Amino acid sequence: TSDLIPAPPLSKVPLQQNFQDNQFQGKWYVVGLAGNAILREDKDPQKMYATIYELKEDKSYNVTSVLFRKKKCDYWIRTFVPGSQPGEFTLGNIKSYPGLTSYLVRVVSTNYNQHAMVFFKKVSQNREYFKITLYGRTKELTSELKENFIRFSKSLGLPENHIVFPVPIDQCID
């Protein structure tokens, strides 16, 4: 067995209006992370990592996440392909990811120069996962934006223990 909080219907996940793909480019720090498989591991807490979005000439994003683990910097790469509407994407070259049958990204909201919330839903080995990240253009964000992200995650069925705030580090994300 594996038990998961159901994914919310897309009807409850807002889409940022007039999404500007070019302003969304660059480096974003994950200051908040919530999902049905996200768990506040109370001893060794999650280290902040970052995600860089660069618009390709064809307008798909090359997405690079960088995290600090086992004393090195690991680079996780993937392609986000414009989906049904602006601000929505699907994963490119899905065939190359074993077990992956579905992957959707939806930019919930953002002001481009400070913060963003982004929703992800993917089906892996037939399991439906979903997560929300609170991106900060810097490593810190006000308590107002953070609780608002907690509010939004709860509205999607998540409990406090499935919501974390990665502690800021300087390695690999600076």
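One-based numbering along the sequence shown. The term rigid core refers to the maximal set of C-alpha atoms that superpose within 1.5 Å between the two forms.
S.K.: Fit on the core, then compare CA atoms: does 123-131 or 41-49 lie farther from this form in 4 other deposited structures of this protein?
M.R.: Larger mean C-alpha displacement, comparing 123-131 and 41-49 in 4 other deposited structures of this protein, is found in 41-49.
S.K.: Should the higher mean CA B-factor in the entry be assigned to 78-86 or to 94-102?
M.R.: In the deposited entry, the stretch with the higher C-alpha B-factor mean is 94-102.
S.K.: State which stretch shows the higher mean Cα B factor in the entry: 143-151 or 27-35.
M.R.: According to the PDB entry, the answer is 143-151.
S.K.: If you rank the chain by CA B-factor, which third does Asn22 end up in: lowest, middle or highest?
M.R.: Middle third.
S.K.: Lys43's Cα B-factor: lowest, middle or highest third of the chain?
M.R.: CA B-factor rank for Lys43: highest third.
S.K.: Sort the modelled residues of this chain by their C-alpha B factor and say whether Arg69 lands in the lowest, middle or highest third.
M.R.: Its C-alpha B-factor belongs to the highest third of this chain's values.
S.K.: Thinking about Cα B factors across the chain, which third does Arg137 belong to?
M.R.: As the PDB entry reports it, the C-alpha B-factor of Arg137 lands in the middle third of its chain.
S.K.: How does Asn62 rank on Cα B-factor within its chain, lowest, middle or highest third?
M.R.: Lowest third, going by the recorded CA B-factors of the chain.
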